[PDB]
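K.L.:
Handing you a structure now.
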Amino acid sequence: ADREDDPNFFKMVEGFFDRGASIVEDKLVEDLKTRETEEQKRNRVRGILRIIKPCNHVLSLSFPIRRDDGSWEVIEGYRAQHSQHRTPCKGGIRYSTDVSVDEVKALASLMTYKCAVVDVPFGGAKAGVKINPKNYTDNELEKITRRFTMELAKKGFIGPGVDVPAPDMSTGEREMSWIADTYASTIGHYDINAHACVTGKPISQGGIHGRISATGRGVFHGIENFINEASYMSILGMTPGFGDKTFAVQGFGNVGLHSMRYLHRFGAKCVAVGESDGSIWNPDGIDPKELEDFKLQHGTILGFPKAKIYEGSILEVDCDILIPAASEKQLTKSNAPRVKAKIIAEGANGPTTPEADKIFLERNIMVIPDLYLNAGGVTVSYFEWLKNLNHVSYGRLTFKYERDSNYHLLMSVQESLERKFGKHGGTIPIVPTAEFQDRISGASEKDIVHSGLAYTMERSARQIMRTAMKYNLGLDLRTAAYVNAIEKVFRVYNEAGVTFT
Amino acid sequence: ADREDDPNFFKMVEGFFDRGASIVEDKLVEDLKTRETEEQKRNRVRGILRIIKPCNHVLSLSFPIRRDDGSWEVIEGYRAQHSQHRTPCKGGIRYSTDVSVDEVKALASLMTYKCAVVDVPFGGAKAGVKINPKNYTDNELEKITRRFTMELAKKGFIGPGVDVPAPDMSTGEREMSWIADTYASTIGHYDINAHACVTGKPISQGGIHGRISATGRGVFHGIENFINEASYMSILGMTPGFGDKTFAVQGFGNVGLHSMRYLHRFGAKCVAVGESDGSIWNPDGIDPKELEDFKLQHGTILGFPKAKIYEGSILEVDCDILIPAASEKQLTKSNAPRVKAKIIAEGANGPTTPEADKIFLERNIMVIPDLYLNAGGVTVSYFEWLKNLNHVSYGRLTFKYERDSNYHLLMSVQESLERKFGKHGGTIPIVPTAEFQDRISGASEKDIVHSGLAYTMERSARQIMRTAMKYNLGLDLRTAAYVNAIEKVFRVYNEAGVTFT
Amino acid sequence: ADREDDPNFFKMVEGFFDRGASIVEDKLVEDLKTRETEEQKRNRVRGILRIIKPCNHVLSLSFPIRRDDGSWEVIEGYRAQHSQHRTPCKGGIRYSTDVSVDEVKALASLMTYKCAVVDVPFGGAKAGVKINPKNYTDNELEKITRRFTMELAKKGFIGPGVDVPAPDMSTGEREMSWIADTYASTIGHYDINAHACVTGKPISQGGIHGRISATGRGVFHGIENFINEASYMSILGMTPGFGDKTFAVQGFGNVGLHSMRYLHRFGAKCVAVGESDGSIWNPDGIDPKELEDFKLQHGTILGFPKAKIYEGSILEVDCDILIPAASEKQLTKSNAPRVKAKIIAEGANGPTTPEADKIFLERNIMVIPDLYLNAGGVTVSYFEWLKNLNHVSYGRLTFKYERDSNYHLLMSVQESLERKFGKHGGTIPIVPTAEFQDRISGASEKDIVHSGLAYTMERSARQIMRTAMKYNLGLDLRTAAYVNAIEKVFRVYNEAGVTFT
Ligand SMILES: NC(=O)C1=CN([C@@H]2O[C@H](COP(=O)(O)OP(=O)(O)OC[C@H]3O[C@@H](n4cnc5c(N)ncnc54)[C@H](O)[C@@H]3O)[C@@H](O)[C@H]2O)C=CC1
Ligand SMILES: NC(=O)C1=CN([C@@H]2O[C@H](COP(=O)(O)OP(=O)(O)OC[C@H]3O[C@@H](n4cnc5c(N)ncnc54)[C@H](O)[C@@H]3O)[C@@H](O)[C@H]2O)C=CC1
Ligand SMILES: NC(=O)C1=CN([C@@H]2O[C@H](COP(=O)(O)OP(=O)(O)OC[C@H]3O[C@@H](n4cnc5c(N)ncnc54)[C@H](O)[C@@H]3O)[C@@H](O)[C@H]2O)C=CC1
Ligand SMILES: NC(=O)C1=CN([C@@H]2O[C@H](COP(=O)(O)OP(=O)(O)OC[C@H]3O[C@@H](n4cnc5c(N)ncnc54)[C@H](O)[C@@H]3O)[C@@H](O)[C@H]2O)C=CC1
Ligand SMILES: NC(=O)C1=CN([C@@H]2O[C@H](COP(=O)(O)OP(=O)(O)OC[C@H]3O[C@@H](n4cnc5c(N)ncnc54)[C@H](O)[C@@H]3O)[C@@H](O)[C@H]2O)C=CC1
Ligand SMILES: NC(=O)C1=CN([C@@H]2O[C@H](COP(=O)(O)OP(=O)(O)OC[C@H]3O[C@@H](n4cnc5c(N)ncnc54)[C@H](O)[C@@H]3O)[C@@H](O)[C@H]2O)C=CC1
Ligand SMILES: Nc1nc2c(ncn2[C@@H]2O[C@H](COP(=O)(O)OP(=O)(O)OP(=O)(O)O)[C@@H](O)[C@H]2O)c(=O)[nH]1
Ligand SMILES: Nc1nc2c(ncn2[C@@H]2O[C@H](COP(=O)(O)OP(=O)(O)OP(=O)(O)O)[C@@H](O)[C@H]2O)c(=O)[nH]1
Ligand SMILES: Nc1nc2c(ncn2[C@@H]2O[C@H](COP(=O)(O)OP(=O)(O)OP(=O)(O)O)[C@@H](O)[C@H]2O)c(=O)[nH]1
Ligand SMILES: N[C@@H](CCC(=O)O)C(=O)O
Ligand SMILES: N[C@@H](CCC(=O)O)C(=O)O
Ligand SMILES: N[C@@H](CCC(=O)O)C(=O)O
């Protein structure tokens, strides 16, 4: 944590909201079409906005575990539900000591708008268990998450139609596998959609292909849709395309390692990788498979053979693209001036504070907002959810038919040409290309996740680029996204009676 | 209400049934394949029909509401469930003072067969609140519908697997939005499919695209599949096609305004529009998107600038196509002789009495039965229901695949032709037509509703036509449909053990 | 609120706990009699205590309500569940702007121990809606409490087997009547014990007789069982009995008005009555009937004809018995020295801060702790709960039999005496006393509440006086009660496996 700029997390995000609130407030009043045409529209609007911002529910939990050494310990744990204009709430579970109600109240709100950015029909939620996970044995961490699932389940803070958790900092597949198993074996025992109570699950447990990457893949697609738009690259003095760029990732977690993977593939170079014990550095480039193989073996990126330890801030590393994939409030009024990079891809949830945004705005530094960029996590989870509702491995019922249908479709183009060009004209083979033999049978689960994600990271980037052009926000994409989110979320409340009253 | 021919509504529809009962009774005994082959196939057919006819359940409600002026008023309200061979029951909620148990017992039965016509897997239900809706403020109407939802929910007359209401006379999106919200926030709180308890919902609440039109769109498709079949147009002395026809709609509601829009588009020309205060007239033609703009501004069609006020019965207006989109029992023994028109498109539920059919039959006037023609309402609702069960905006998971798949499919026809015609023969662009660029990504929700509706108005007309031919009913399409309905509904009961026993 | 001594409410009560924790900790280790006889008895004890004090659950609610002026307002509202070693949780709903999570987290904990004092089998809960109740119309307050009931019900914070609210500051019968009706008409629709979800209900809604008084009656019994124990009155230099005492109540609510009535009856004299706008005074005595009749007419005690607008603090009024029946943290490090009274009857929840206790301890001033004294509220509620479970007006099934049975019992003592004293001895009437003709039919609901309450305000004062003698706490009755509470609550956790594990 910084000290000059350590603003309250929930209020920080409220700040981003209130900015977007004013910018559409005019429009919201204008398409509102009611017979109370006045400032009655504006105060109805202002009221509905005042309903949106604050979380609807926060549950606070002091529950006992018995540690491995026979002793008793009390665990603090929270889960804020921000909005519910879309049931079920969505949002991850975070294991940290940083965990605090305001931090979960903040992340939950982010999940509300984050889903509105990428048109996932979930209300925002989040949750923290206030433990250093590296200080508990795996059997302790199991007892902890299972128990946390119960106490959440009993008070209605996890359920396939109510609230669907997912992984986050220091939680992953393993934790999610537990959360399902408790609720499948206990309270959700008769629930057919039980297993749909939580995403990020291991594939064998009902998870969806590529969800672990997903968030980092979406990070790729997000940087891409902009870095291939010279209208913005003209404003950063940078060339369109990944081919020649250099980047740096703070954090090497599920968002870091895979944001590094998907860029080091589709073009650019990794220069430096951070972690909560220090960074490594190499301007020549760092291979993600080597580094990961070194973090698996030795549990730290420090001392990488092919990369010098970097003395100094990872955020300040000279590069093209800065990807904070760590915790929040990392780039602040004091170090934001020194960032000597040109694209900020917020992988992490709110890693940049509003005072860093004003510096980055001035310094013509493009911050790709947290709302849009890591929405790949929720999006693939949103798929994982529909998978557990449709109870089928995607693609299975149809494969051998949009297959045979295609081969018959092709055989029509063929017979029709032969039918016209007689025998003499020859026989005219109509045959799938190489990049159509791989789709000849249609959508597999792998593919849907990719294109389904690819679509809406591309789809929702335009919706932002539209709005940044429209209201003339330029490189203030963060306000551009909150403008879209605030509008979509409002769209529900307005056409609803707003409350059962 | 007429005086000479005001038959009991439920018995009226029973009349239509009993007619269809006899006509298939032979067939039903015929494919019955049991070894009790006698005329006790007949009596267990005659028993199963006797089970179908009468409603299974009717709930009668005297519930208090406090009005706006602090005072108390008791509200009468009914919901008959006709059959349940398909759970969940389906059928709308009607707000009128005409509302009476017989009238709801009648409409409910209609919904049973109506769904059997267009192969929607719902049992028939309906409901009335016995209020003049203009005489209550919107806040009164809210507390009325919400309370009515409760008392229906508690006694098991609304639930996604039990009974799914929808709009009807003097109810629409707004009411449906309330019905969902109460049951979502109250009794259905844990129900994942809660919002699937009621159709006609606003799009933002889980509704489906085009449901408000839908019923009137289906009215278009219904008239079409017949008016484009000279085999019937030879029998009316009329030319195939919409291009030159003139019509008149009694009622300007959801069924009227949209039956007018979809015909005034796809050809014919509105001559006169009725309402519960009088009709307007103009042989030259009436534009729906002037008249609607006049009804929105001024709350009445009367005094339309481009149409004088018409001087007599709207049903008697000289025209080609008469579309009653009002309440029931409108064309009777007494005014049926003077209907000066050639095609009767029953948009409303049972607007023509059996004695009017006897005249229209004689007078070679084609009545397109209520069962078939307005089944667009239930059909799109049936879609709205599946949408709330599948929890996805249709088309989303696949768009960028049957897109990329098609572009690759095309690229196969291309490469294969080039692969045969060398560099000699050029490069052969294979490129979607204009029409096909709009489908290149596949089914959106807009499209599915259209084609999904278009298909079954077209699949079910040509189940009626090839029963009216079969048992030689000619222009008695009403008996033709009830013959289909009675058969499909039978089939369930026959293959079932018929009851818990 | 004071400034010098305004300690955190939760932590304040934790302070009272930690005191009691140490004092029994030895005993708890002592009768523990496990294999692991060590300081492992002590650390499993210290662990179980660490599980007890922190609340198990807190739910935080921002829910909207339409105000009367059509506008929207968001309502903050919380409900902490402290412990659950006894389901269902019990504890009131408080309407104030003082409402804050720490204040509800504090009161909830108090309810845990308060029930343990008077052997009510409920875990501690509490709840606040953060509104000034003056500032909302009754129709607003209805749509506020009903909505608050829903959001509490949905997340599992009200239910006959889960959590049973009750009235508190600025809530009473009316609010409780609403809470029942919503949950009876909505979520608890099929619940047979639905109306047992909340106590303090109006008699007609399932309430129990004397519950409104109850808390103030118990305040009488509590002062009594001590003021009639010269062993403590020798230590205050005061005479045993009520006959000659004088007393002052801060607050005139349900706890004030009825603590004043029950003492002004059974002996002593009211000298001064406080309220959030000032106090009245009269050393000669104040009649509760006249005052109440003044407050009903004029909505304030100020300007009482037979009593003097008192300059200065009500708490400092010269008297024998000071009854704070207001909000908490009223007697602090700064005004506690000035209290020139001798018995402090904590009617309100925690009206005295731990630094005031130190002074009062020194100044030999007997503080009758909040745990014990106002436990009449929960006790009669606990009865109201059992009444809604037994679904009978108490006494009904038996009246005409312990009646006829006693008249026959009497007739046996008679016939047996006559049988021995022949005719030479007369006829010997055996006849109930006047004080037995009123019990001749046995327990009515009125009586059970009285004696059922009377008993356990005795039976539990005894258990405190036992323990204050035992561990030699003298006039530290507060620590004496927490000692008893901590012990009873512990014996559940000890004999339990302590958790899901
Ligand atoms: N609330 C419900 O009715 C429940 C049903 N579902 C289903 O999930 C799907 C929801 O997708 P839709 O929002 O209807 O389609 P959509 O994203 O294409 O938007 C269609 C309409 O919903 C609003 N909207 C647009 N974007 C939105 C966004 N990110 N968040 C909230 N509202 C937005 C707008 O009013 C728009 O007119 C549907 O299939 C729904 O039936 C899922 C949970 C509960
Ligand atoms: N797992 C997922 O699917 C999703 C995670 N996110 C978000 O990305 C951010 C991090 O998430 P993950 O990558 O999954 O966490 P992670 O727990 O998998 O990885 C964190 C690693 O980076 C290090 N680290 C943590 N904080 C640091 C800090 N301030 N400075 C330097 N190093 C630090 C830690 O040593 C740790 O080893 C959060 O904002 C999270 O909400 C984004 C969407 C989905
Ligand atoms: N316990 C669960 O969650 C299961 C129920 N479903 C639902 O669909 C989703 C999972 O899709 P799948 O049908 O599993 O995809 P799938 O047919 O492509 O195979 C699933 C994965 O688990 C393995 N697997 C395949 N068949 C299995 C079987 N009968 N039993 C156990 N493991 C098997 C496979 O090796 C594969 O990697 C989940 O969300 C789930 O709710 C279907 C299977 C898993
Ligand atoms: N909305 C739907 O889902 C469908 C409705 N229907 C039926 O169509 C009819 C119309 O109802 P909706 O269009 O749904 O809503 P609606 O209530 O808005 O339509 C009513 C229209 O008919 C007028 N009207 C009432 N009584 C009249 C009378 N004696 N003479 C002339 N006009 C009169 C009304 O003033 C208004 O113009 C109903 O009978 C309904 O059962 C049939 C299937 C689908
Ligand atoms: N409702 C119940 O059954 C019982 C209530 N309590 C506690 O007793 C106290 C209040 O009794 P209530 O039930 O609330 O009846 P109440 O809410 O009607 O009493 C409040 C009265 O005291 C006044 N008041 C409030 N704050 C004051 C302050 N700082 N100074 C002077 N006057 C003030 C109010 O204006 C009002 O006249 C609270 O601490 C309550 O939690 C505990 C035992 C039983
Ligand atoms: N299940 C329910 O919601 C209703 C039935 N009950 C149940 O019984 C218990 C309450 O005992 P009670 O019989 O009400 O005490 P109760 O019978 O002594 O009522 C008090 C007086 O009011 C009159 N009274 C008697 N029964 C009445 C009734 N059913 N309704 C209105 N006035 C009546 C009588 O003259 C009686 O003397 C509660 O547990 C409750 O569950 C009482 C309230 C509503
Ligand atoms: N954590 C981690 N995951 C990997 C690594 N390499 C591949 N994956 C994962 O492998 C999964 C499936 O991989 P593939 O079958 O090769 O298909 P892919 O989706 O094209 O592989 P990637 O693009 O790297 O995701 C994806 O979810 C990736 O996240 C790695 O080095 N570390
Ligand atoms: N009331 C009313 N609604 C309209 C009108 N025109 C379009 N709509 C709305 O538009 C919806 C479908 O419109 P489109 O998306 O434009 O589809 P289209 O193929 O271009 O043609 P239509 O469906 O006839 O409008 C309808 O369900 C209506 O909600 C109109 O003139 N009056
Ligand atoms: N708020 C309020 N409650 C009252 C008042 N008078 C009576 N009550 C309630 O009604 C009950 C009936 O009281 P009583 O006539 O005294 O008979 P009781 O129940 O045996 O009480 P005791 O005679 O004192 O033992 C009381 O105990 C109170 O709970 C009053 O003036 N104000
Ligand atoms: N925790 C991730 C993913 C949440 C989810 O997939 O539901 C996020 O906040 O974006
Ligand atoms: N009320 C319309 C619609 C019914 C429905 O969509 O459920 C009808 O009777 O056809
Ligand atoms: N609110 C009162 C009464 C609680 C109850 O009766 O449940 C108290 O805290 O003691």
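For the structure tokens, the naming scheme is as follows: chains receive sequential letters (A, B, ...) according to their order of presentation, residues are indexed from 1 within each chain, and ligands are indexed from 1 in presentation order.
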Output the neighbourhood of ligand 11 as a ChimeraX atom specification, that is, all protein and nucleic acid residues with some atom at most 6 Å from the ligand, counting only C-alpha atoms and all ligand atoms.

P.N.:
/B:90-92,111,165-168,374-375,377-378,381

K.L.:
Using only C-alpha atoms, which protein or nucleic acid residues come within 7 Å of residue 384 in chain A? Drop anything in the same chain fewer than 6 positions from it, and give the result as JSON, numbers by chain.

P.N.:
{"A": [199, 207, 208]}

K.L.:
10 Å from ligand 12 is the threshold here; counting only C-alpha atoms and all ligand atoms, which polymer residues fall inside it? Answer as an MDAnalysis selection string.

P.N.:
chainID C and resid 89:94 107:112 114:115 122 124:127 163:169 171:172 198:200 211:212 214:215 255 347:349 370:385

K.L.:
Select from chain B every residue with an atom at most 8 Å from any atom of ligand 1, then for each give the shortest pair of atoms and their distance in Å to one decimal, using only C-alpha atoms and all ligand atoms, rows by chain and rising number, as a tab-separated table.

P.N.:
residue	atom	partner	partner_atom_place_in_ligand_line	distance
B:192	CA	ligand 1	44 (C)	7.1
B:193	CA	ligand 1	44 (C)	7.1
B:194	CA	ligand 1	4 (C)	7.5
B:195	CA	ligand 1	3 (O)	4.9
B:196	CA	ligand 1	3 (O)	7.0
B:203	CA	ligand 1	21 (C)	5.5
B:204	CA	ligand 1	35 (O)	4.2
B:205	CA	ligand 1	3 (O)	4.9
B:206	CA	ligand 1	3 (O)	3.4
B:207	CA	ligand 1	41 (O)	6.8
B:208	CA	ligand 1	14 (O)	7.7
B:384	CA	ligand 1	41 (O)	7.4
B:385	CA	ligand 1	41 (O)	7.9
B:386	CA	ligand 1	41 (O)	8.0
B:387	CA	ligand 1	41 (O)	4.7
B:388	CA	ligand 1	41 (O)	3.5
B:389	CA	ligand 1	41 (O)	6.7
B:390	CA	ligand 1	39 (O)	6.2
B:391	CA	ligand 1	7 (C)	3.4
B:392	CA	ligand 1	39 (O)	3.5
B:393	CA	ligand 1	39 (O)	4.0
B:394	CA	ligand 1	39 (O)	6.7

K.L.:
Per residue of chain B within 10 Å of chain C, which atom pair is closest and at what distance in Å (one decimal), using only C-alpha atoms, listed by chain and increasing number, as JSON lines?

P.N.:
{"residue": "B:150", "atom": "CA", "partner": "C:186", "partner_atom": "CA", "distance": 7.5}
{"residue": "B:151", "atom": "CA", "partner": "C:185", "partner_atom": "CA", "distance": 8.8}
{"residue": "B:153", "atom": "CA", "partner": "C:186", "partner_atom": "CA", "distance": 9.4}
{"residue": "B:154", "atom": "CA", "partner": "C:189", "partner_atom": "CA", "distance": 6.9}
{"residue": "B:155", "atom": "CA", "partner": "C:189", "partner_atom": "CA", "distance": 9.9}
{"residue": "B:182", "atom": "CA", "partner": "C:186", "partner_atom": "CA", "distance": 9.5}
{"residue": "B:183", "atom": "CA", "partner": "C:186", "partner_atom": "CA", "distance": 9.3}
{"residue": "B:185", "atom": "CA", "partner": "C:150", "partner_atom": "CA", "distance": 8.0}
{"residue": "B:186", "atom": "CA", "partner": "C:186", "partner_atom": "CA", "distance": 5.8}
{"residue": "B:187", "atom": "CA", "partner": "C:187", "partner_atom": "CA", "distance": 5.3}
{"residue": "B:188", "atom": "CA", "partner": "C:187", "partner_atom": "CA", "distance": 8.5}
{"residue": "B:189", "atom": "CA", "partner": "C:154", "partner_atom": "CA", "distance": 6.9}
{"residue": "B:190", "atom": "CA", "partner": "C:154", "partner_atom": "CA", "distance": 8.3}

K.L.:
Which neighbours of residue 96 in chain A fall inside 7 Å, counting only C-alpha atoms, when residues of the same chain fewer than 5 positions from it are skipped, and could you give them as a list in words?

P.N.:
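Answer for this query is residues 129, 130, 131, 132 and 133 of chain A.
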
K.L.:
Give the residues close to ligand 7, within 9 Å, counting only C-alpha atoms and all ligand atoms; write them as a list in words.

P.N.:
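For ligand 7, the residues inside 9 Å are residues 209, 210, 211, 212, 213, 214, 216, 217, 253, 254, 257, 258, 261, 262, 265, 288, 289, 290, 292, 293, 446, 447 and 450 of chain A.
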
K.L.:
To test your reading of the structure, identify every residue in range 56-86 of chain B that backbone DSSP assigns to strand (DSSP E or B), and report it as a list in words.

P.N.:
residues 57, 58, 59, 60, 61, 62, 63, 64, 65, 66, 72, 73, 74, 75, 76, 77, 78, 79, 80 and 81 of chain B

K.L.:
Between CA of residue 397 in chain C and CA of residue 442 in chain C, what is the spacing in Å?

P.N.:
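It comes out at 10.7 Å.
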
K.L.:
Using only C-alpha atoms, can you tell me which of B:303, B:476, B:422, B:95 comes closest to residue 358 in chain B?

P.N.:
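For residue 358 in chain B, the nearest of the candidates is B:476.
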
K.L.:
Apply DSSP to the structure's backbone, then extract all residues of range 154-360 of chain C labelled helix (DSSP H, G or I) and return them as a count of residues only.

P.N.:
81

K.L.:
Quick one: residues within 9 Å of residue 314 in chain B, only C-alpha atoms counted, chain neighbours fewer than 3 positions away excluded, as a ChimeraX atom specification?

P.N.:
/B:248-250,272-275,278-281,310-311,317
